[PDB]
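Please read the structure below before turning to the comments.
Order of listing sets the numbers, starting from 1, for every ligand and every atom in it. Numbered from 1 within each chain, the chains take letters A, B, ... in sequence-line order.
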There are 2 protein chains.
Amino acid sequence: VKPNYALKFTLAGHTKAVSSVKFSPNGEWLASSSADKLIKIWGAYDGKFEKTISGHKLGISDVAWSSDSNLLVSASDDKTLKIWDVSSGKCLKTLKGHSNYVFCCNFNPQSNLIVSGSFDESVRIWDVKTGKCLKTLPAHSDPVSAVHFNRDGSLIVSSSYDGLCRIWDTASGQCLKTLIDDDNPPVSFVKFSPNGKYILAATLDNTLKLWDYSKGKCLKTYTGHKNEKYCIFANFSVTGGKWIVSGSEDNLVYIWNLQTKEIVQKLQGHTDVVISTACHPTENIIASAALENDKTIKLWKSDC
Amino acid sequence: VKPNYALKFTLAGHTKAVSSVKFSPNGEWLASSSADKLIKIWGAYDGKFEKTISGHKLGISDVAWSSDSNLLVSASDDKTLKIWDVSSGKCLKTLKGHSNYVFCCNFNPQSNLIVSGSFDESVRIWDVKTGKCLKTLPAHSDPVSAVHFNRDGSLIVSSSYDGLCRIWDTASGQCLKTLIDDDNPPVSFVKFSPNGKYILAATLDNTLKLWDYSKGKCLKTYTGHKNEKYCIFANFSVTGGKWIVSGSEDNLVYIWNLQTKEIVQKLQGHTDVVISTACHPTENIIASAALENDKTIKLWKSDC
Ligand SMILES: *S(=O)(=O)c1cc(C#C)cc(CN2CCN(C(=O)c3ccc4c(c3)ncn4Cc3ccccc3OC)[C@H](C)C2)c1
Ligand SMILES: *S(=O)(=O)c1cc(C#C)cc(CN2CCN(C(=O)c3ccc4c(c3)ncn4Cc3ccccc3OC)[C@H](C)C2)c1
Ligand SMILES: [Cl-]
Ligand SMILES: [Cl-]
């Protein structure tokens with residue numbers, strides 16, 4: 001009924017704060033993005049450094065994989081996203097059009113679109129083929145913290161420091177829903193669950209929440225961790241037991257029982273804020289990454 | 001504790017026996033193969049016809065989708081497999097290689113390989129892009145009934161009327177595991193559990209078996225139905241309750257509790273052997289198809 005994640009590998013190479021870590025859909029790779037303007041690719045099972053991807057002028061806030069594990073998309077302070085062919089390292093497109101820091105990016109499932117969120121308070125939908133920007137949405141009244149497509153690409157969920165999550169219609173560009181609770185703390189992270197039916201949202205009041213999308217109703221909450229300042233990713237972990245996983249400003253990775261909401265494990269080991277965590281698509285592996293006073297990435301494995 | 005599948009739509013069009021129905025991964029469509037040498041596509045939620053896809057001689061034992069819901073593969077009595085662009089009907093490749101009927105086929109989760117079984121006793125790994133066999137395996141000492149990739153694509157499971165299931169390494173082709181019970185009744189159908197950790201095998205002694213294939217031990221047995229002749233598809237249902245779902249030669253769809261092995265629902269309405277059943281990816285929806293004297297497809301929905 002509890003997991004037993006244990007540190008197995010530690011992966012150093014970034015010269016500044018790590019901003020995001022993502023496993024690839026095929027289970028083979030980890031991608032990490034840093035304030036140092038670099039993407040590094042690491043063996044997902046052994047931590048073996050693999051290669052560095054370069055080309056952003058300023059720091060990178062976020063990276064994301066395409067469905068086939070062959071592309072990355074990066075979001076940088078340089079106001080652009082870049083689309084990368086991971087095997088060649090070649091930068092295929094640079095998406096230009098945001099007027100400030102791009103904070104968050106994601107592919108849709110079909111992987112012919114990219115969605116991005118910016119300090120400029122907009123959400124833009126792009127063509128991964130042509131690089132052209134297909135839509136700009138006046139999404140929020142503060143910086144956008146996350147953007148995620150749902151399981152068939154028809155919906156986008158965004159979150160903002162303005163305290164809202166919104167669900168947008170991909171084709172039409174129309175705001176279909178605005179999620180609000182009793183209070184409106186800034187929302188630092190949002191994503192759909194794999195089956196498209198729930199939304200996991202993190203707010204800068206030391207709180208994660210699970211929303212039923214179609215009823216716009218909040219089902220569970222998870223607390224015990226520290227999150228008042230940074231956009232700390234949250235994950236569904238589903239390959240063994242059923243957990244939520246999140247970084248934390250007290251340097252620990254928290255893991256909660258999905259259903260009870262009870263904290264079941266606190267992974268001790270990093271030395272600065274744990275900004276990002278990722279869950280391996282098929283194995284009970286967790287990756288964690290920390291900020292400036294640490295710069296390392298950590299691989300944990302559990303029996304469930 | 002018990003489902004409540006009810007009939008919602010009946011789908012008529014095939015002029016001979018239906019051989020297999022499969023929902024598309026994006027939840028949107030249903031394909032059907034037939035001894036009438038056609039494939040038909042139907043909307044998955046309302047049953048509306050879509051289009052027909054012709055070009056086989058001798059009729060189609062099996063049809064399988066690709067990961068993005070864009071390509072079909074189909075194993076035909078004309079000794080060949082054919083990969084179809086679902087949007088244009090156009091046959092994109094005519095996989096030639098087998099020396100007898102092609103009975104079963106499937107994409108790997110990456111959808112750059114296609115696996116296939118045949119009356120000729122051999123499994124072939126094809127290449128989607130080039131349409132050339134990459135490996136021919138001396139799979140079995142009788143016709144092979146089913147071939148299936150597991151979740152992470154690293155294994156192929158196959159069953160045969162020789163009474164064996166075998167696990168193949170996708171990369172090397174090597175046989176890693178042969179499963180045999182106390183007897184060896186012909187194995188009419190096999191597939192991996194959706195997490196790839198287990199195997200569900202149907203044998204022509206009216207029996208379904210859940211197999212842990214590494215240990216090589218049978219874990220659970222499901223009887224109550226009739227299956228002595230036909231390669232009848234079985235499935236795991238996991239969108240609501242956890243069930244095993246299978247057709248039956250007494251024209252009923254059998255549903256068992258995954259753990260207890262008890263029958264929880266028999267669906268009446270078909271008038272000939274229920275050859276094929278398929279579970280919807282996101283909703284508690286079941287599709288079932290019958291042989292020649294019935295010729296229809298039925299859609300059933302359940303609350304749990
Ligand atoms: S709801 O019924 O109220 C509800 C509430 C709560 C709580 C608290 C939890 C759930 C859990 N479900 C199931 C898991 N899930 C998914 O969106 C989901 C995740 C991953 C999925 C998936 C659905 N379908 C396929 N996959 C991929 C996968 C992963 C591991 C092994 C196999 C596999 O696919 C074969 C939600 C959290 C809702 C429901
Ligand atoms: S083994 O540990 O001994 C064993 C034995 C028996 C018996 C009898 C049953 C099981 C059940 N488990 C889990 C279910 N399962 C899967 O193949 C499977 C797991 C997770 C899946 C899935 C299939 N499809 C989607 N997902 C993700 C998902 C979807 C919906 C809800 C939850 C969810 O993940 C939490 C096998 C039968 C093995 C094990
Ligand atoms: Cl994600
Ligand atoms: Cl199944």
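- Among A:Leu179, A:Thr203, A:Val144, the single residue meeting the side chain to side chain contact (heavy atoms under 4.5 Å, CB included) criterion with A:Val187 is A:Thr203.
- A donor-acceptor contact under 3.5 angstrom links the side chains of A:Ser111 and A:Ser67, judged on distance only.
- Polar contact check, A:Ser193 against ligand 1: a nitrogen or oxygen pair lies under 3.5 Å apart.
- Contacts of A:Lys242 with ligand 1, taken as heavy-atom pairs under 4.0 Å, are absent altogether.
- Put simply, the side chain of A:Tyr222 never gets that close to the backbone of A:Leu210: no donor and acceptor are under 3.5 Å apart.
- A donor-acceptor distance shorter than 3.5 angstrom exists from the side chain of A:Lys220 to the backbone of A:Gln259, with no hydrogens or angles considered.
- The ligand atoms of ligand 1 that sit less than 4.0 angstrom from a heavy atom of B:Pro194 are 35 (C).
- What sits closest to atom 6 (C) of ligand 1 on the protein, heavy atoms only, is A:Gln259 NE2, 3.5 Å.
- At least one protein heavy atom sits closer than 4.0 Å to atom 35 (C) of ligand 1.
- For atom 33 (C) of ligand 1, the nearest non-hydrogen atom from the set A:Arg151, A:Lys261, A:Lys215, B:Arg151 comes from B:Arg151.
- Taking every non-hydrogen atom of A:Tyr198 and a distance limit under 4.0 Å, the qualifying atoms of ligand 1 come out as 1 (S), 2 (O), 3 (O), 4 (C), 5 (C), 38 (C), 39 (C).
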task: Would you check, one step at a time, whether the test side-chain hydrogen bond (donor to acceptor under 3.5 Å, both in side chains) holds for B:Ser145 with B:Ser188?
output: CA-CA 5 Å; B:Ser145 25; B:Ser188 47; 5.9 Å; no
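- Donor-acceptor pairing under 3.5 Å is lacking for the side chains of A:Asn195 and B:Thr282.
- Counting the atoms of ligand 1 from 1 in the order shown, those under 4.0 Å from a heavy atom of A:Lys220 are 8 (C).
- Protein heavy atom nearest atom 14 (C) of ligand 1, with residue, atom name and distance: A:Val238 CG2, 4.7 Å.
- The presence of a protein heavy atom under 4.0 Å from atom 25 (C) of ligand 1 is ruled out.
- At under 3.5 Å, a nitrogen or oxygen of A:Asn195, whether backbone or side chain, sits near a nitrogen or oxygen of ligand 1.
- Counting only heavy atoms from C-beta outward, the side chains of A:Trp211 and A:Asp181 approach each other to under 4.5 Å.
- When only modelled atom types and interatomic distance are considered, A:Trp126 and A:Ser116 share a side-chain donor-acceptor pair under 3.5 Å.
- Regarding atom 11 (C) of ligand 1, its nearest protein heavy-atom neighbour is A:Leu258 CD2, 4.1 Å.
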